[PDB]
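The structure appears below as structure tokens.
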Amino acid sequence: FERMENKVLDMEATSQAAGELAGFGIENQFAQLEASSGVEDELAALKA
Amino acid sequence: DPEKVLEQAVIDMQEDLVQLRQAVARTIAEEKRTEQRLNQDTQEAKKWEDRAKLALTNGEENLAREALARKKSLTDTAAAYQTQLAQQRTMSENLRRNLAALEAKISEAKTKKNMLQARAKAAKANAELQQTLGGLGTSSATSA
Amino acid sequence: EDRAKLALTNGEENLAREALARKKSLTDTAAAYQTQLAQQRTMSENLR
Amino acid sequence: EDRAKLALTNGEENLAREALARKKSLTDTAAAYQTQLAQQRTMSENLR
């Protein structure tokens, strides 16, 4: 059970190593997706 | 020659960026581990507090004091690990900014050196063309 | 767009926004292909 | 610049400044390449 916990800790360390590099402009890309969603909502409101 | 020297520098930078990425990954793993440790310790403290409550049920004031001692040890360890996590976070941010700066330096140096070399080669080729235009030797037929 | 209208019928505003996203992708692709067709027409006239 | 506008949409003033930095780098490179192109054109005319 201890050995299984060490493996989990290794997984968490890998997750941290990915997070330190996870910083991407996709976050700014997600703003465009939200803007498109708002545009579609506005179009739906126009339909009403 | 400068071409080879700067080319080797670019290659070495290609390795250095990977090394810094590995260091960042190691720091991420360390911070994750310390976070997990402090997070589980906080729960162990609550478990010992529950044992203290069980003691409060009847009699074992000694058990309550023992649980309090466990709580003190656990909270001290949690504070120490929180300080360690703060240090790891500061180091991670430092390394991240250093990596950004190093990547900028590498990219700018490589591209600027490449374009400079290309333009110097073009300029020397043009100068050679002008020399050849001025270096025409067909006038030697004046001897014949 | 017709699927979006079906969504407008009742409820699935999410379906409407999804259809809007499909519309945006399709119209962008159509504009790109129109530009490509203009290039092909210019090349065809040049070759002729 | 369009990414900067997306940032202007909401919040990420930092993204806007980053996009401005990218714009500055790109325009400086464009000016340098324009100067290089002028040199190449002069050399081409001389050789012609």
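Note on naming: chains are A, B, ... as they come in the structure tokens, residues start from 1 per chain, ligands start from 1 in the order shown.
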Please build the interface table for chain B against chain D with a cut-off of 10 Å, listing for each qualifying residue the nearest atom pair and the distance in Å to one decimal; count only C-alpha atoms, order rows by chain and increasing number, and write it as a tab-separated table.
residue	atom	partner	partner_atom	distance
B:112	CA	D:29	CA	9.7
B:115	CA	D:33	CA	9.4
B:119	CA	D:36	CA	7.8
B:122	CA	D:40	CA	8.4
B:123	CA	D:43	CA	8.5
B:126	CA	D:43	CA	6.8
B:127	CA	D:43	CA	9.2
B:129	CA	D:47	CA	7.4
B:130	CA	D:47	CA	7.2
B:133	CA	D:47	CA	8.7
Can you write just those residues out, N, CA, C and O atoms, as an mmCIF file, in the first residue's frame?
data_model
loop_
_atom_site.group_PDB
_atom_site.id
_atom_site.type_symbol
_atom_site.label_atom_id
_atom_site.label_comp_id
_atom_site.auth_asym_id
_atom_site.auth_seq_id
_atom_site.Cartn_x
_atom_site.Cartn_y
_atom_site.Cartn_z
ATOM 1 N N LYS B 112 19.158 36.378 -35.420
ATOM 2 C CA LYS B 112 19.972 37.522 -35.806
ATOM 3 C C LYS B 112 21.289 37.078 -36.426
ATOM 4 O O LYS B 112 21.713 37.626 -37.449
ATOM 5 N N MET B 115 20.569 35.687 -40.014
ATOM 6 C CA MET B 115 20.294 36.728 -41.000
ATOM 7 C C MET B 115 21.540 37.557 -41.285
ATOM 8 O O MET B 115 21.788 37.943 -42.432
ATOM 9 N N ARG B 119 23.180 37.947 -44.970
ATOM 10 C CA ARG B 119 23.363 39.248 -45.603
ATOM 11 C C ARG B 119 24.831 39.517 -45.901
ATOM 12 O O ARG B 119 25.162 40.104 -46.936
ATOM 13 N N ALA B 122 25.593 37.578 -49.006
ATOM 14 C CA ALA B 122 25.048 38.265 -50.172
ATOM 15 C C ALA B 122 25.900 39.473 -50.545
ATOM 16 O O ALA B 122 26.158 39.721 -51.728
ATOM 17 N N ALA B 123 26.343 40.236 -49.546
ATOM 18 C CA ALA B 123 27.150 41.420 -49.813
ATOM 19 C C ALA B 123 28.486 41.045 -50.440
ATOM 20 O O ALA B 123 28.944 41.694 -51.388
ATOM 21 N N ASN B 126 27.920 40.109 -54.005
ATOM 22 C CA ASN B 126 27.740 41.293 -54.838
ATOM 23 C C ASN B 126 29.073 41.981 -55.109
ATOM 24 O O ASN B 126 29.337 42.428 -56.232
ATOM 25 N N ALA B 127 29.925 42.082 -54.086
ATOM 26 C CA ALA B 127 31.239 42.687 -54.278
ATOM 27 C C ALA B 127 32.071 41.881 -55.268
ATOM 28 O O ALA B 127 32.779 42.450 -56.107
ATOM 29 N N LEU B 129 30.861 40.069 -57.689
ATOM 30 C CA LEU B 129 30.283 40.347 -59.000
ATOM 31 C C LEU B 129 30.802 41.668 -59.553
ATOM 32 O O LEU B 129 31.154 41.768 -60.735
ATOM 33 N N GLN B 130 30.849 42.700 -58.709
ATOM 34 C CA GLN B 130 31.362 43.992 -59.159
ATOM 35 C C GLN B 130 32.830 43.890 -59.557
ATOM 36 O O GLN B 130 33.251 44.470 -60.566
ATOM 37 N N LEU B 133 33.025 42.255 -62.904
ATOM 38 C CA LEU B 133 32.655 43.229 -63.923
ATOM 39 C C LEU B 133 33.818 44.165 -64.221
ATOM 40 O O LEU B 133 34.091 44.483 -65.385
#
Residues near residue 19 in chain A, cut-off 12 Å, only C-alpha atoms, skip fewer than 3 positions along chain, as a PDB file with N, CA and C atoms, in the first residue's frame:
ATOM      1  N   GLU A  12       1.935  12.454  -9.246  1.00  0.00           N
ATOM      2  CA  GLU A  12       1.721  13.853  -8.880  1.00  0.00           C
ATOM      3  C   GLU A  12       2.925  14.706  -9.263  1.00  0.00           C
ATOM      4  N   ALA A  13       4.131  14.160  -9.102  1.00  0.00           N
ATOM      5  CA  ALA A  13       5.330  14.883  -9.516  1.00  0.00           C
ATOM      6  C   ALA A  13       5.332  15.117 -11.020  1.00  0.00           C
ATOM      7  N   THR A  14       4.916  14.110 -11.791  1.00  0.00           N
ATOM      8  CA  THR A  14       4.794  14.293 -13.234  1.00  0.00           C
ATOM      9  C   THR A  14       3.751  15.355 -13.561  1.00  0.00           C
ATOM     10  N   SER A  15       2.641  15.363 -12.821  1.00  0.00           N
ATOM     11  CA  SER A  15       1.631  16.398 -13.015  1.00  0.00           C
ATOM     12  C   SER A  15       2.195  17.785 -12.734  1.00  0.00           C
ATOM     13  N   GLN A  16       3.000  17.923 -11.678  1.00  0.00           N
ATOM     14  CA  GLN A  16       3.639  19.206 -11.393  1.00  0.00           C
ATOM     15  C   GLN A  16       4.598  19.604 -12.511  1.00  0.00           C
ATOM     16  N   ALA A  22       2.633  23.963 -18.374  1.00  0.00           N
ATOM     17  CA  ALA A  22       1.265  24.034 -18.876  1.00  0.00           C
ATOM     18  C   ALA A  22       0.839  25.442 -19.265  1.00  0.00           C
ATOM     19  N   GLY A  23       1.620  26.467 -18.930  1.00  0.00           N
ATOM     20  CA  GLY A  23       1.256  27.827 -19.273  1.00  0.00           C
ATOM     21  C   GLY A  23       1.200  28.049 -20.770  1.00  0.00           C
ATOM     22  N   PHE A  24      -0.006  28.228 -21.303  1.00  0.00           N
ATOM     23  CA  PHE A  24      -0.212  28.330 -22.740  1.00  0.00           C
ATOM     24  C   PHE A  24      -1.134  29.500 -23.046  1.00  0.00           C
TER      25      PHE A  24
ATOM     26  N   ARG B  21      13.828  22.791 -18.759  1.00  0.00           N
ATOM     27  CA  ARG B  21      12.502  22.181 -18.721  1.00  0.00           C
ATOM     28  C   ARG B  21      12.463  21.030 -17.723  1.00  0.00           C
ATOM     29  N   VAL B  24      12.353  22.434 -14.265  1.00  0.00           N
ATOM     30  CA  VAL B  24      11.013  22.925 -13.963  1.00  0.00           C
ATOM     31  C   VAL B  24      10.096  21.764 -13.605  1.00  0.00           C
ATOM     32  N   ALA B  25      10.191  20.668 -14.359  1.00  0.00           N
ATOM     33  CA  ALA B  25       9.372  19.498 -14.058  1.00  0.00           C
ATOM     34  C   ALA B  25       9.685  18.956 -12.668  1.00  0.00           C
ATOM     35  N   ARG B  26      10.970  18.904 -12.315  1.00  0.00           N
ATOM     36  CA  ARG B  26      11.351  18.449 -10.982  1.00  0.00           C
ATOM     37  C   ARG B  26      10.761  19.350  -9.907  1.00  0.00           C
ATOM     38  N   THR B  27      10.817  20.665 -10.119  1.00  0.00           N
ATOM     39  CA  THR B  27      10.254  21.591  -9.140  1.00  0.00           C
ATOM     40  C   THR B  27       8.748  21.392  -9.008  1.00  0.00           C
ATOM     41  N   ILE B  28       8.062  21.192 -10.134  1.00  0.00           N
ATOM     42  CA  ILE B  28       6.625  20.932 -10.100  1.00  0.00           C
ATOM     43  C   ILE B  28       6.337  19.690  -9.268  1.00  0.00           C
ATOM     44  N   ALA B  29       7.099  18.621  -9.500  1.00  0.00           N
ATOM     45  CA  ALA B  29       6.890  17.392  -8.742  1.00  0.00           C
ATOM     46  C   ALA B  29       7.113  17.624  -7.252  1.00  0.00           C
ATOM     47  N   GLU B  30       8.169  18.361  -6.901  1.00  0.00           N
ATOM     48  CA  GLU B  30       8.460  18.606  -5.491  1.00  0.00           C
ATOM     49  C   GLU B  30       7.329  19.379  -4.826  1.00  0.00           C
ATOM     50  N   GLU B  31       6.836  20.427  -5.493  1.00  0.00           N
ATOM     51  CA  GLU B  31       5.754  21.206  -4.906  1.00  0.00           C
ATOM     52  C   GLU B  31       4.494  20.363  -4.762  1.00  0.00           C
ATOM     53  N   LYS B  32       4.198  19.520  -5.753  1.00  0.00           N
ATOM     54  CA  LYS B  32       3.038  18.643  -5.639  1.00  0.00           C
ATOM     55  C   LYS B  32       3.181  17.711  -4.441  1.00  0.00           C
ATOM     56  N   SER B  92      10.404  27.927  -8.304  1.00  0.00           N
ATOM     57  CA  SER B  92       9.760  27.576  -9.563  1.00  0.00           C
ATOM     58  C   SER B  92       9.486  28.817 -10.398  1.00  0.00           C
ATOM     59  N   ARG B  96      11.066  29.677 -13.965  1.00  0.00           N
ATOM     60  CA  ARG B  96      10.178  29.926 -15.094  1.00  0.00           C
ATOM     61  C   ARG B  96      10.549  31.220 -15.807  1.00  0.00           C
TER      62      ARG B  96
END
Margin query: Within 10 Å of chain C, which residues belong to chain A? Use only C-alpha atoms and report them as a ChimeraX atom specification.
Written below: /A:33,36-45,47-48
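Interatomic distance, CA of residue 48 in chain C to CA of residue 32 in chain C: 24.2 Å.
From CA of residue 97 in chain B back to CA of residue 11 in chain D, the distance works out to 22.0 Å.
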Next item on the list: Using only C-alpha atoms, find the one residue out of B:44, B:128, B:35, B:60 that sits nearest to chain A.
Entry: B:35
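Closest approach to residue 4 in chain B from the set B:131, B:138, B:121, B:113 is made by B:113, with distances taken over only C-alpha atoms.
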Check: In Å to one decimal, how far is CA of residue 12 in chain D from CA of residue 27 in chain C?
Finding: 28.9 Å
